[PDB]
Amino acid sequence: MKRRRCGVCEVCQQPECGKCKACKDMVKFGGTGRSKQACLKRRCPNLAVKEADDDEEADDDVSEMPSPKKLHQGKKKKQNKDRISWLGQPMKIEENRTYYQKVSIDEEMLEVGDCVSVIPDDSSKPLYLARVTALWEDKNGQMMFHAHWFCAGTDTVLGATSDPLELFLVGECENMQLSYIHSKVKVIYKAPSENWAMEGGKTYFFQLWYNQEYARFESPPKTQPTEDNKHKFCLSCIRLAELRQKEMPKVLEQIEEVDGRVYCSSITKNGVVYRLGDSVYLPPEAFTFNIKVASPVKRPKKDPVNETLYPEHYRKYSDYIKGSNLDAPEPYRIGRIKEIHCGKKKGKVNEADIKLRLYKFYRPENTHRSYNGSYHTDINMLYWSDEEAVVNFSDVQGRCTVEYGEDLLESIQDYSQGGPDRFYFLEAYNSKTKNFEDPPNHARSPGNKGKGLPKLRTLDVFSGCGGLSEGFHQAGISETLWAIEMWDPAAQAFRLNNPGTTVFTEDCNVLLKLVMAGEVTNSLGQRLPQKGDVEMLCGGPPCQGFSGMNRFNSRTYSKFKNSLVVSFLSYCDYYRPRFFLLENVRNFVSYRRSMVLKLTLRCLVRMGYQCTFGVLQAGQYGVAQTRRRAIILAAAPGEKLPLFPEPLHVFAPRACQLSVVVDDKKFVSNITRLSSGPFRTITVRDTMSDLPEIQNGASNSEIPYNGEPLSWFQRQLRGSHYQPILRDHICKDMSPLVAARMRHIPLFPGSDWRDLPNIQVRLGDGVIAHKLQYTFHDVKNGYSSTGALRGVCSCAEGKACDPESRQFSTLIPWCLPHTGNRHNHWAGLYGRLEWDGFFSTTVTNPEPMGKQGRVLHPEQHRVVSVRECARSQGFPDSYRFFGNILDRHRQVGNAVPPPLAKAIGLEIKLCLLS
DNA sequence: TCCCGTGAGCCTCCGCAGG
DNA sequence: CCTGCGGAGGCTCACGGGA
Ligand SMILES: Nc1ncnc2c1ncn2[C@@H]1O[C@H](CSCC[C@H](N)C(=O)O)[C@@H](O)[C@H]1O
Ligand SMILES: [Zn+2]
Ligand SMILES: [Zn+2]
Ligand SMILES: [Zn+2]
Ligand SMILES: [Zn+2]
């Protein structure tokens, strides 16, 4: 695969001279041009594959309504039927109605189980189609039936790409006078073959069930008739029934009655069961803290920045600071349920009025110590208080576990790592004496005195260095036996981290065409994967080939049929894994007006897979980086389609638009934690504060950790086993000019190129970087506060660009103010990360002047080291990379953050323990 | 009436041949 | 060294609807 040049670096930007043997031989310079080489001074050191594409926040507010019910639009054209007679004897007689099985309508016979068409109010709409689930005459002498609605492909995400003859069962059903029926249409159920896995290479039919709100296609439910519903069995009804019984609060144990308030010991809601002494997740507003908090003082008056020293500082119009947790919500409040008591209504217990007497729990950042006092603490560690509060059981977000430190029968770390939602506390807090005594005898569970599953054979395609696999492995559901990675450094790094797996360094296409042609091994004698071998197929196909937003055309769609994603599906089609995971950039879901997404789903469903899609933000799963990825899940017919993970960390609301619009329809994932979460957001401080200080160019690929972990995050990434060596703490050697610039960016949050001094600097190069000169008037931007010009080209005056107007070796890059107006003032370029913020999407090659160019260390005068990047993703420091400093950066930036891959991994685990 | 996004087609120069 | 060539990725400009 052929590499190329970056557009950003100081090398590239330098224009052509005409002094070279090549510059002299160029066609434009009159040369024959047989040379075909660039300027000698324009050989970009950063030369590497820019076979990548950043993703913009293209989605709007999505301030729009959830999808209304499909067939639930009422308005159904009633027909006129002359004669409607029952047939045979009644199946069953109830108190209020009488059920039959057969009915004849205008000489036409129908039966329960038959499928009928119906006519919609609107003429445009395609006929409704449904299954008759019961027949009966009512008290009012009316002859009725119950319809279980189908749903046409075109009504789903699939849209027009659906097979016209395909319908999908849906959770919608209503009652109707038989006379609404138009015709009876035949509908076949295309169930999966006995040998489904092995088949790689004019009637209405259905195979799957469609959840509109979540865009999930799943295998028809297995629920079975009871004694009471045999004569009238409808899946849509039961589904809804079981939903409600789960959704609504009930109660399981009552202790006593008192003062018109029954006291309870055990209540349930939404599938979770709460008992006295259990702990609970609540919203931030559920209760305040009885701790005197002094409202901070209004910031001092800042002396107007010198416009002549900081010309381009005006361009910093008040703007949302990129990588700022000033928007971060607070995490769930936590408390221990002390008492439960419900009200009463109609002489009965009123389950809609359950309240909780709770012991407030302090998060370390909740004490007076504030954040500055919780930097080094376990994110799951709590401080007990005796401060109480009463809460409505309707506000409870979930159960969690909070255990006394010492009380635990294992290691604290063992405990935390043991399962989800596990907190612990060691001391207790006194909001009054602001002291830290230890837990009262009633917080503990009275005890003895003293003080302390088969794995899926996975085939990972476009594996890269194996971020994804790493996360899966962590979840313990996979054993990667084969990996395909066309790029040789990535492939090696993968081998380095997985001695058990066979990495094929080839184009997935030929590798596939090999095993299809009945080949057993590639030219290197590596055993090829055979049907039955692969249980899970995960991959990250690049879509750079056709990453377009406009509509498909003739030969643009051809570029697709030959894409890598289509190869991925040919793998899925051939191997027929139990599971299938495609991960991509967030934009995967809207490329080509979402034909990419629609077409892949269409493919999966064609094969007969259960499948869904969603967008996830990595920050929410334990990483100090903005990273939204699209995700497709698929599951063999016999399986359970997994769900999406539930956010673990609170994260900036702007970085979290997870909803997606396809054909003006709004889809979301099962994700419930919209804003808050169990844990605090991970910061740049949390990420890389323990790292030694390094200079620009630091190439030492082995240095010691001069210090211990200073973060929960770090203790997780460095493990507990003694390891004194710090690998890959190395950053790119930036031009002396660029190094000077980085030195002159302030340290405060919000710093970037716009904060640069317009001064003259003697570099450690001998060359001198000059002042930039403003010799044109900028009609849009006006004047300095002192009437100084702000334009650097004839184009700032509306006139045509003068090429001689360009300026070189200047501290403020001439090109920036030159285009800043039409590009948002390049917010972020030469920008520094901030200790309390987060990485903008980790990049494959750190350029202060690339598009995603906020990449300077918070304090040190340099770009971020390879480790700092590996750290902004989820890589354990143990994880090994391979190649020159550039190769490594690219591998890190390309990879799925293990924390995210793990989160998904665990969701899949739940489908094997089914 | 324009504006935004092209994407077919010309422009560039990377990786490697072979003298 | 050098000479030079394929071929693929980039950048351009005329052209199409989306409203
Ligand atoms: N034609 C091809 N065949 C095999 N691999 C390819 C390929 N084209 C690109 N790739 C590789 O596919 C990878 C996609 S980035 C995905 C990385 C991976 N999911 C992780 O978590 O680490 C890149 O590393 C790229 O080198
Ligand atoms: Zn460059
Ligand atoms: Zn030159
Ligand atoms: Zn029903
Ligand atoms: Zn200009």
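Residues numbered from 1 in each chain as written, not as in the entry; some residues may be left out. Chains lettered and ligands numbered in written order. Heavy atoms only, no water. Residues with missing side-chain atoms left out of burial classes, pairs and counts.

As recorded in the PDB header, X-ray crystallography is the method behind this entry, and the stated resolution is 3.00 Å.

> Explain the overall build of chain A to me, please; I cannot follow it from the model alone.
Of the regular secondary structure elements, chain A holds 16 helices and 37 strands. Here chain A has a C-alpha radius of gyration of 32 Å; the compact-globule value for 914 residues is 29 Å, and the two agree. The dimensions of chain A, computed from C-alpha atoms along their principal axes, are 105 × 80 × 65 Å. (Helix = DSSP H or I, 4+ residues; strand = E, 2+ residues; numbered from the N terminus. Rg over C-alpha atoms; globule rule 2.2 N^0.38 Å.)

> Before we go on, may I ask you to explain the pairing of strand β26 (residues 478-484) in this structure?
The two faces of a sheet get side chains in turn, since along a regular strand they alternate between them. Relative to β26, strand β25 (residues 456-461) runs parallel, the two being bridged by six bridges. Counterpart to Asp460 in the pairing with β26 is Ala483. With respect to chirality, the unit in which β25 leads through helix α4 (residues 467-475) into the neighbouring parallel β26 is right-handed. Summarising the sheet, β26 and strand β27 (residues 502-504) pair through three bridges and their orientation is parallel. (Pairing = 2+ DSSP bridges. Right-handed = clockwise from strand over helix to strand, strands pointing away.)

> Before we go on, may I ask you to explain the sheet that holds strand β2 (residues 84-87) in this structure?
Taken in spatial order, the three strands of this open sheet run β2-β5-β6, and their pairing is antiparallel. Strands with a single pairing partner mark the edges of an open sheet, and in this sheet they are β2 and β6 (108-111). Adjacent strand axes in the sheet meet at a mean angle of 25 degrees, parallel and antiparallel pairs treated alike. Pairing between strand β5 (residues 102-105) and β6: four bridges, direction antiparallel. Residue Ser104 lies in a different strand from β6, and its bridge partner there is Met109. (Axes fitted to C-alpha atoms, helices over the stretch in contact; angles between N-to-C directions.)

> I'm lost on the pattern of salt bridges in this one. Help?
Residue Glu847 is joined to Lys732 by a salt bridge in which the shortest nitrogen-to-oxygen separation is 3.0 Å. Of this pair, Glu847 sits in the loop between α13 (815-819) and α14 (866-872) while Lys732 is found in the loop between β35 (725-727) and α12 (736-743), placing the two residues 115 residues apart along the sequence. One salt bridge connects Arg862 with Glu868, and the closest N-O pair in it is separated by 2.6 Å. Connected through shared salt-bridge partners, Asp690, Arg718, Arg867, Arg871 and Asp877 make up one network. (Salt bridge = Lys/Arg side-chain N within 4 Å of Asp/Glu carboxyl O.)

> Looking at this structure, how should I read the domain arrangement of chain A?
Interface extent is often summarised as the accessible area lost during association of the parts. Once the domains are mapped, chain A shows domain 1 (1-47), domain 2 (76-223 + 231-246), domain 3 (248-287 + 330-428) and domain 4 (456-683 + 901-909). On a C-alpha basis, the centroid separation for the pair domain 1 and domain 3 is 66 Å. (Domains from an automatic or database assignment.)

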